[PDB]
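Each chain, written out:
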Amino acid sequence: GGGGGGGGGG
Amino acid sequence: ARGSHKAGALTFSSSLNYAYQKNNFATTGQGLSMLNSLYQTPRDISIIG
Amino acid sequence: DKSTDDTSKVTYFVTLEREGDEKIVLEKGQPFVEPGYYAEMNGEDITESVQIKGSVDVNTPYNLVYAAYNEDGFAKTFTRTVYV
């Protein structure tokens, strides 16, 4: 498809 | 090794090569990698420590 | 030459446990006794260090705070309310 990122932590 | 020879009229040459390599990489990416882990460091924290 | 060597100190917290009840109720004139307490800092008993803020009048129908401080300030506390 189109590759997914990931948000981090805070 | 690369050699030629002439005897004629007729010439024959030959180039032969072997090439090795061994890489090790410091992986990148959004996961638990070395750089993505380095940049996520507060400005007051001592890395080398 | 590098610059940013860690500068931390390792501080050791106090461990303060409780004896008895949190709330306690008595009748006018029935004296207040100390239920007790236990305080520990780096395995060294420091219970004699424990400060108790406030008091409890037995003849006026009261909350007491017990604290223990280590060698850098960081405390461990708990309350004991008493009524009459």
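Enquirer: Is there a simple way to think about the pairing of strand β7 (residues 75–83) of chain C in this case?
Expert: It is a general feature of regular strands that their side chains alternate between the two faces of the sheet. Residue and element names in this part refer to chain C. Here 3 bridges tie strand β2 (residues 23–25) to β7, and the two strands are oriented parallel to one another. Residue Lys23 lies in a different strand from β7, and its bridge partner there is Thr81. Linking strand β6 (residues 63–69) back to β7 in an antiparallel pair, the connection comprises 5 residues, with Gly73 at a positive phi of about 120°.

Enquirer: Help me out: how do you make sense of the packing of aromatic side chains in this one?
Expert: Each aromatic ring pair is summarised here by two numbers: the centre-to-centre distance and the angle between the ring planes. Residues and elements named next belong to chain C. Under the criterion given, the structure shown has 3 aromatic pairs over all chains. With centroids separated by 5.7 Å and ring planes inclined at 90°, the aromatic side chains of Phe13 and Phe74 adopt a geometry described as edge-to-face. For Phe13, a relative accessible area of 52% translates into the label exposed. Among the aromatic residues, those joined into a ring-pair cluster are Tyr37, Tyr66 and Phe78.

Enquirer: I would appreciate a short explanation of the environment of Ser3 of chain C in the present structure.
Expert: In this fold, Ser3 of chain C is placed in the segment before β1 (14–18). Through-space distance from the C-alpha of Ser3 of chain C to that of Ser55 of chain C is 52 Å; in sequence the pair is 52 residues apart.

Thresholds, definitions, all that
- Residues numbered from 1 in each chain as written, not as in the entry; some residues may be left out.
- Chains lettered and ligands numbered in written order.
- Part of a larger assembly, values for the part shown.
- Heavy atoms only, no water.
- Residues with missing side-chain atoms left out of burial classes, pairs and counts.
- Pairing = 2+ DSSP bridges.
- Helix = DSSP H or I, 4+ residues; strand = E, 2+ residues; numbered from the N terminus.
- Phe/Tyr/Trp six-rings, centres within 6.5 Å; stacked < 30°, edge-to-face > 60°.
- Buried < 20%, exposed > 50% of the residue type's maximum accessible area, 1.4 Å probe, protein only.

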